[PDB]
Every structure is written in structure tokens, then in C-alpha cells.
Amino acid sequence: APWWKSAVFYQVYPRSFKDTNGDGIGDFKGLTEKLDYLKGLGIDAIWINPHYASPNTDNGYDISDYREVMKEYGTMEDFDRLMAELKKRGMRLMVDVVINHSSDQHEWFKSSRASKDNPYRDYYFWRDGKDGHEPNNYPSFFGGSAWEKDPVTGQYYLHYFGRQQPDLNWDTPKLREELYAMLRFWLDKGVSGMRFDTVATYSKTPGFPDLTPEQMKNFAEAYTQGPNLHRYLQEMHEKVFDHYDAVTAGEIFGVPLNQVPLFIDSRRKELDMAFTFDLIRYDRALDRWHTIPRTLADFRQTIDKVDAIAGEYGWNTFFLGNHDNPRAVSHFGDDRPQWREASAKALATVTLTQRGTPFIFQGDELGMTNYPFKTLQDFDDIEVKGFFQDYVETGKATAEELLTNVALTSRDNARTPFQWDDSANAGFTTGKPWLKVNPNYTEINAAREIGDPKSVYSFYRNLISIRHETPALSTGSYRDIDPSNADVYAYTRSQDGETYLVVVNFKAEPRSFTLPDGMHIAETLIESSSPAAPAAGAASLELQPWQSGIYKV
């Protein structure tokens, strides 16, 4: 089995990880100086968010030069040094690949917009307006229409996201070749992995017809139904990945779960791993800034479906948080002071016992929570500016209604600076951080976590050790004991005769769990919030609030 199936990944959002020059923005030197921390945690590989030249209208995801490093993060030498220091520790690097769109400051686009006959014109999507308005009714994720009129030619260019993020035209052969040459440029450096940002929106619908009112409510799904999508992915694998030894993972956003196997089935030669969002958005409204209450039943049934989708030839990633979602403990657990540590450990047990490649987002091993936003001005996220444009200036909602709701969902919840210690600005920076540090850093910080064997960090470290020492916990089969149960999450991991039982109580009350008839406890690997391990040969468990545990049966 390939190294990535048993690897434990850590996601670094460099902007908010570690600053080393007091500009308030994290950088490469900051990450490099903190590799010993990540290695000590047990991390095998790191996925870093976009590190290329960018005007930062979407914090790295608007790339103006694919072959240069972002000025804020450092120089190419700093990148090479990061690579070298990762290799010295036997750690691998996964970089972010953003080729659904570029920055509008990219030289391709500057030339593209000059004229219709320009050699780079078809590097992007240019269209005439319709009936005195946009070419069609396409909305943008980041506000308003997905079409922006350029007075230079008088046509509209396409942007699923920010207006300064024009979509690249995958239908143009020379554009694809330029992207393939770009990928080689990073893979030649020894990059071990590539994460493909919104990989399913590469193919655009011919003719650009209007979206039906039904498609309007869920436009993200319509943008994933291009007819040439898998053709392009298969070609990219042929021209690039077939000649290297890097692992590929796709941010498969907007895609209906039934279409996922088309992306990750190894026989299809497209992608190796999938980032699905059925689980992480299982309690999010279609407008993306409201929360809809769910139960553990929904939680586990969603997981069960995603697992079945992987089948025998596909492979899933697993994560409870990233740079685009609220904090895991706040989202899936209970971040209240008396339950924060207990539930964070429970969620840790879940994360590192799933069938797939687990990804740990920075800060979650500390039990970092959502930020207490007080005003809309506390948000940096362009997406929130888009919500204000679409819902507040239109009179659909008040500023207070946006604030109250978006606080629970905003991407900025996960973008507050990593909390290293209790010094000024949690040891993230000596200057003023680009985004405010959570005031709870005095109680939640790496320095206190590391020195405490009962901390969230220590539990994370121990779990990573256990998963590494237990093959079944990674590539073993997955089976939910009772998908209808909304109190206690329980499942088994089995491989080569060895069967392991995971039991996680999601209630803040005592609960009792009964093993399947014929199953008995043979050994207790680890437990959180447990006063006593079960006796050898037990057929049931008495669980404390938010108690998690791994058992061999």
C-alpha cells in the first residue's frame, strides 16, 4: 500500500502559522523553524496553502505568477530551505494547485484582455453580454455576477469566485500545456503531493446557457457538470503525474457524492485522494452563511456514504477542519470551557481512526475554537464581503443578521493566528497580526499543551502513534455498528484478522454502549475522559460525557 494511505497529514495555513519578521503575516521561515514541533507531533506530511505570488484578494488563491513565491512568505530560497528541512526529517510536502483560475494581474490575463485577436484571448472565457446585461445568470461564490465587463473590449470575462480571479480556459490546448509545464516546474523540485483547488470546476458548459431556478439554489453543483472534466483530469495525469511519484488530491467541491468515484478510482488514472465536503458542510445552508442543526445520526450516515463511495479502488481523505470552515471543536463538538477539551479529544479519536488519509488542520491539536467576532469589520474574508453585497446592500438581511449567522460559519474562524504560547499575540508575531488572535490563547496555546500529558496535544500525539502502530486503523475496513444511533458513535476497523473497536460518546451526559453480540473487549489502546478502562472480556461500556476510546476485540 502506498505511503499516503497510512500517512497522517497536517495542513499549514502559512499566513496564520508563524511570523518571523513582525509584519503580522506568517512566512516560510516561520514554518521552517516549527518543523520540529510538527515532527514531534508525529506528522508525516504537510499540505501548505498557496505559496505563490499573489495580490491576496483571496489570500493566495489568486495567483499572478505560478513560478514565483509569494512576497510575504519569502523567496524561492526560503521555499527550497523548507523543502530541504522537510527532507532531513523524512517529511513530505503537498502544495496547493490553483488552476481553475488565475489572478487578473497574471500576465496571461493582462494580454488576454487586450483584444479579441490576442494570442492569450482564449486563455480565459470572454463573452458578449445578453439583453443589455451579463452573458447569463451565473452567480459568483464571492458576490454578484460571475461575469465582469471589461471596457477594453466590451466583453465579459468569467469568474466563479472573485472578480480578480478570472477562470482559466481548459478548452484551449495551449492553456493546458502551459499548466502542465507549470506543474512539472514544481514536481521537478521534488514536491511529493499536489492538492487541486476546486478541481471539479475545470470544465465549462458549452454555450453557457442560463441556469434553471433549481440550479440557482445550488449553483456550485452546476459548475461541476462540465462535459470535458474527466477528459482533462485524465490528460493531466498522462502528461504530468504518470512521469512522477507525487500523490494527487482534489478539492471536490460542489460534486454530488455519486460522481466522486470518477475522480479517485485508481483504474481511471485521475486523482489518488478526495477532499469531499458532504460531511464538513452537512449542517450548512445553501447560502453558505446559515447553520442547520444536525445530529450524530446525520454525521455518521454521511461518513458511511463517503466511505462506501471509495469502494475498493478509490481512496478518501478525512478532515474535520480546514482554512475554509469553522473550527472543528466548535463545529462538531462543544467549545464551552467545560467541554472544549473533552470534545476536542473525542473528535481527535474520530479523525485518526477513520478509513482514509487523515488531515489535521493547524491549531486543532490545541483545541482552538471559533473567534468571537464583534463586528463585520473583524472579518477579512472576501466571501463575507460578498455576503454583504448580495444580502445586506440588497435589503435581504441586516448587518447584524449577517454578523450573528456568519460568525458560526466564516472561513476566518480557522484563520486566526496559531497560538504558540501566552506571550504577546500568542507568540505568532512581534508586531500586529493581519487577523486578530483569539483572546482564549491565554488558556489555549502550544507551550502549555506540550508540557501537559493530559492536554489535547498529548492526546493527539498518542493517537498518531497508535494509528502508525496499527495498520487496521488506517487501511483496514470500516463498519458502522449502528448508523441510526444519535448518541454514541461506534465503528470497527478490521485488517488481516485484527479487529479494533472505536467508541465515541457525542453527548454531554453519561451513556452506555453495548457491543455487538459475540464481541468482547480484548485490550484498551487509549481512552479520553475515562476514569477506568473496561475489564478484559467486557460486552458493554459505561461512557462518561464526551468519552472516546479505541479497543481491540
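Residue positions are given as counts along the sequence shown, with the first one as 1.
- Decide which of the stretches 536-544 and 12-20 has the higher mean C-alpha B-factor, going by the entry. For C-alpha atoms only, the mean B-factor is higher in 536-544.
- Task: Between 196-204 and 128-136, point out the one with the higher average CA B-factor as the PDB entry records it.
- Result: Comparing 196-204 with 128-136, the higher average CA B-factor belongs to 128-136.
- Looking at 327, 300, 269, 71, which has the highest CA B-factor as recorded? 71 has the highest C-alpha B-factor of those listed.
- Reading the B-factor column of the entry, which of 389, 291, 155, 425 has the highest value at its C-alpha atom? The record points to 425.
- Message: Based on the deposited C-alpha B factors for this chain, I'd like to know if residue 212 is in the lowest, middle or highest third.
- Response: CA B-factor rank for residue 212: highest third.
- Using the B-factors in the PDB entry, rank residue 417's C-alpha atom against the chain and give the third, lowest, middle or highest. Answer is lowest: the recorded C-alpha B-factor places it there.
- Within this chain, which third does the Cα B-factor at residue 41 fall in: lowest, middle or highest? Middle third.
- Message: Can you tell me whether residue 34 has a C-alpha B-factor in the lowest, middle or highest third compared with the other modelled residues of the same chain?
- Response: Lowest third.
- Query: If you rank every modelled residue in this chain by C-alpha B factor, which third holds residue 312: lowest, middle or highest?
  - Reply: Top third by C-alpha B-factor.
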